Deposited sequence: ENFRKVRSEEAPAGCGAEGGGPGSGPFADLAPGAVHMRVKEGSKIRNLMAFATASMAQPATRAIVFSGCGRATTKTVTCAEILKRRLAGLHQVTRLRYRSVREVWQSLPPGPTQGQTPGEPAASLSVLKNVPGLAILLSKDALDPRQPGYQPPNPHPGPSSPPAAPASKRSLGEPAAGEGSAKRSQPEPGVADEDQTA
């Protein structure tokens, strides 16, 4: 199997840690790295990406990180990806979580939940 279209947030967060989520990936593995990485104050932003059978997990990793770290700014982006292994069009997404404010006008923006 090889992926390809048909940084995902180069425009908004050029140096962001990129979490490539695969259907195989143990969540606990991805989250360990993800949380450690965002533990470092110099790490400003993280991206989670996946498609097909890895989309659910992609969103799940994004929601668990938001549960541990309040205040992140979110942008969700929908993409098709082509997979050859007999090639298939497969829906996917990329989620940006940012310690720094993003323009609310950016489509797929979600403000942080207040936690009052």
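Colleague: Which residue ranges of the deposited sequence are not present in the modelled coordinates?
Modeller: Missing C-alpha atoms (numbering from 1) occur across the ranges 1 to 7, 14 to 24, 104 to 126, 158 to 198.
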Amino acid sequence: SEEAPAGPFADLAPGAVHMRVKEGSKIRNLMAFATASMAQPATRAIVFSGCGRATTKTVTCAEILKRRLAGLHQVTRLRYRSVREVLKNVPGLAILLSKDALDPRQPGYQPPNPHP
From here on, numbers count along this sequence of modelled residues.
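Colleague: May I ask you to compare 104 to 112 and 20 to 28 by their mean CA B factor in the entry and name the higher one?
Modeller: Mean C-alpha B-factor is greater for 20 to 28.
Colleague: Please compare 87 to 95 with 53 to 61 and say which has the higher mean C-alpha temperature factor in the record.
Modeller: That would be 87 to 95.
Colleague: Using the B-factor values recorded in the entry, state whether the Cα atom of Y80 falls in the lowest, middle or highest third among the modelled residues of its chain.
Modeller: Its C-alpha B-factor, which the entry lists for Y80, ranks in the middle third among residues of this chain.
Colleague: Would you please rank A36 by its C-alpha temperature factor against the other modelled residues of its chain and give the third it falls in: lowest, middle or highest?
Modeller: It falls in the top third of the chain.
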